[PDB]
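In what follows, a structure is listed as C-alpha cells, so that the remarks can point back to it.
FYI, side chains are in, hydrogens and waters are out, and symmetry mates aren't considered; it's all heavy atoms of this structure. In the text below, chain A, chain B and the rest are named by the order of the sequence lines, each starting its count at 1. Counting convention: from 1, in listed order, for ligands and their atoms alike.
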Amino acid sequence: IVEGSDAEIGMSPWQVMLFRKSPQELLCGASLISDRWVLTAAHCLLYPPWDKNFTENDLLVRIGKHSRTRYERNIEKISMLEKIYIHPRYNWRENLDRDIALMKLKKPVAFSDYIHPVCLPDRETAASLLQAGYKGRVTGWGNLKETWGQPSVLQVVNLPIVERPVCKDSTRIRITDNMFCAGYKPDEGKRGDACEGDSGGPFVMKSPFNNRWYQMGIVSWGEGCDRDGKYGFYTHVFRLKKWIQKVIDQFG
Amino acid sequence: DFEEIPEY
Amino acid sequence: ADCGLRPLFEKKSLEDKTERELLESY
Ligand SMILES: NCCCN1CCN(C(=O)[C@H](CCCN=C(N)N)NS(=O)(=O)c2cccc(C(F)(F)F)c2)CC1
C-alpha cells in the first residue's frame, strides 16, 4: 500500500495473507468470506505470461495477521488449501477481466477477535454504494512504493471510486463492466493506491444502512503504483457473485 | 525474510 | 449473518480512526 497508514488491531479481521511455502514469502492478499472459503484475485494464482500457475499444495493461508513477517503465535491461524477455483472466463490473455478466484480450506477456521468474515454485496448494496465519490478501503502487506520499501504491519488506505469515463481515459487497456477503478485525481491532492503484494486483497465499504462491512472489490491491476493520472482497478465483486454462489453451493 | 512457521 | 461486524469495533460499538472518512463520502 502506497501513502497509507498502519492498520489498527482487528481493523480488518477478514484480511488473509496468501503465503508461498518455498521460498517462504508473501504472494498476495485475500479475504475471508466464511469459515472455509477465501476470496482472491485469479492472477494471484494463474498468470501464464510470467510462468505463474500455483497449485493448492504450493500455498498456505494465514489469517488474523497484523505483522507482515512475524509468526503471530496465539493469534494468527495458518490453513491448508483443499481446492482452488478460478473463474472459467478469467481473461489473463488481455485485460484480466473477471479476475477472481475462490479457495476452499481443508478445515474450517475458528473465528476470534482477529479473525472474522466480511460480507458480500447483494444487488441493492452495490447500487447504493458503488458510486463515484464514495470511498472504500484497501488493505495489504504489499510494497510501500512502486520502486525504492516494505511494511512491518498491515497497511490501510481509503480511496474514492472514480467515474467510469475517467477510468477509461486514464489507460489504453480495455475496461469492462466487471471492473471499477478508485483513487484520487491529480488535482485532489490526496494520494494512495495498492501496490505489488496487495493484489487479491479486499476493497471494502461500510454500509451506512446496516453498519456492516462489504467487500465490493478485489485488488486487480494498475499501471505502476500511486502514479498521477493513473488509478487502481478492482474486480467488481457483485458482478461476479453468481459465479461465487455457484461454486459455493456446488462444492461447499 | 519471514519468521519460520511450525507444523503447517 | 454476523459477517462484516468486527469483534473489536462494531461488536463493541467502537469506531476505527478513519471510518468517518468513508461515511462522510456517502
Ligand atoms: N501476480 C501475477 C503476475 C502479475 N500481476 C498482474 C497485476 N499486477 C499489476 O497490475 C502491477 C502492480 C499494481 C498493483 N496495484 C493495483 N493497482 N492493483 N502493475 S504493473 O507492474 O504495471 C503490471 C504488470 C503486468 C501486467 C499489468 C496489466 F495487467 F495491467 F496489464 C500491469 C501485479 C502483477
Side-chain angles (χ1 to χ4, degrees), chain A residues 1-4 15-20 23 25-31 38-55 58-59 84 86-87 89-101 103 135-151 154-162 164 166-176 178-186 190-204 215-237:
Chain A
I1 302 291
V2 183
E3 292 288 305
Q15 189 68 40
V16 171
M17 177 188 290
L18 294 184
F19 192 76
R20 186 176 194 173
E25 51 170 42
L26 172 131
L27 67 92
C28 263
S31 64
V38 173
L39 182 68
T40 190
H43 80 269
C44 282
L45 306 173
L46 178 67
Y47 195 67
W50 292 11
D51 301 304
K52 176 171 295 182
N53 194 321
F54 295 111
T55 189
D58 303 324
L59 317 80
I84 283 170
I86 307 296
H87 193 290
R89 305 189 66 188
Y90 157 52
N91 201 331
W92 55 266
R93 283 178 168 294
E94 195 202 327
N95 55 5
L96 296 186
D97 188 35
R98 307 197 184 73
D99 191 9
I100 189 163
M103 304 180 113
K135 294 177 181 174
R137 190 137 79 194
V138 186
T139 47
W141 291 281
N143 306 322
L144 292 172
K145 289 181 168 56
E146 188 186 313
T147 176
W148 73 92
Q150 302 177 307
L154 183 64
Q155 297 297 111
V156 300
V157 66
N158 300 327
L159 305 171
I161 296 299
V162 175
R164 307 216 69 183
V166 178
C167 296
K168 291 176 185 175
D169 286 345
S170 74
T171 179
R172 299 179 57 168
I173 301 180
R174 168 172 157 283
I175 308 310
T176 75
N178 302 309
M179 311 171 182
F180 70 77
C181 90
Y184 291 106
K185 315 291 184 54
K190 296 181 177 179
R191 310 186 68 72
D193 180 30
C195 201
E196 200 70 53
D198 293 319
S199 291
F203 173 101
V204 302
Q215 183 176 349
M216 312 296 85
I218 297 169
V219 179
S220 186
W221 61 276
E223 295 190 290
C225 300
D226 194 48
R227 306 170 80 171
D228 299 308
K230 300 303 178 58
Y231 304 84
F233 284 76
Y234 303 77
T235 307
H236 197 306
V237 177

Taking ring pair (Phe, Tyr, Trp, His ring centres under 6.0 Å) as the test, write out the residues that go with A/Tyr47, two or more places apart.
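Ring pair (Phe, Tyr, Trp, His ring centres under 6.0 Å) check on A/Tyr47 returns A/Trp50.
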
Holding to ring pair (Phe, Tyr, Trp, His ring centres under 6.0 Å), I want the full list of residues that pass it with A/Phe19, two or more places apart in sequence or in another chain.
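Ring pair (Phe, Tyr, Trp, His ring centres under 6.0 Å) check on A/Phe19 returns B/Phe2.
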
Would you say the side-chain atoms of A/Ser31 pair up with the backbone N or O of A/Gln215, donor to acceptor, closer than 3.5 Å?
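Side chain of A/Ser31 to backbone of A/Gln215, a donor-acceptor pair under 3.5 Å: no, none is there.
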
Is a side-chain N or O of A/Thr171 found less than 3.5 angstrom from the main chain of A/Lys168, in a donor-acceptor match?
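No, because the side chain of A/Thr171 does not come within donor-acceptor range (under 3.5 Å) of the backbone of A/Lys168.
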
Does A/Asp228 have any salt bridge (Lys or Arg N to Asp or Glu O under 4.0 Å) partners at least two apart in sequence or in another chain, and if so, which?
A/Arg191

For the residue pair A/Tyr231 and A/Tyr184, is the inter-centroid distance of their aromatic rings smaller than 6.0 Å?
no

Can you name the residues that come within less than 4.0 Å of ligand 1, going by heavy atoms only?
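Only A/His43, A/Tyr47, A/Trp50, A/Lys52, A/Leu96, A/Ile173, A/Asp193, A/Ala194, A/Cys195, A/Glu196, A/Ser199, A/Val219, A/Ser220, A/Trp221, A/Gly222, A/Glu223, A/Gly224, A/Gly232 have heavy atoms that fall under 4.0 Å of ligand 1, ordered by chain and number.
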
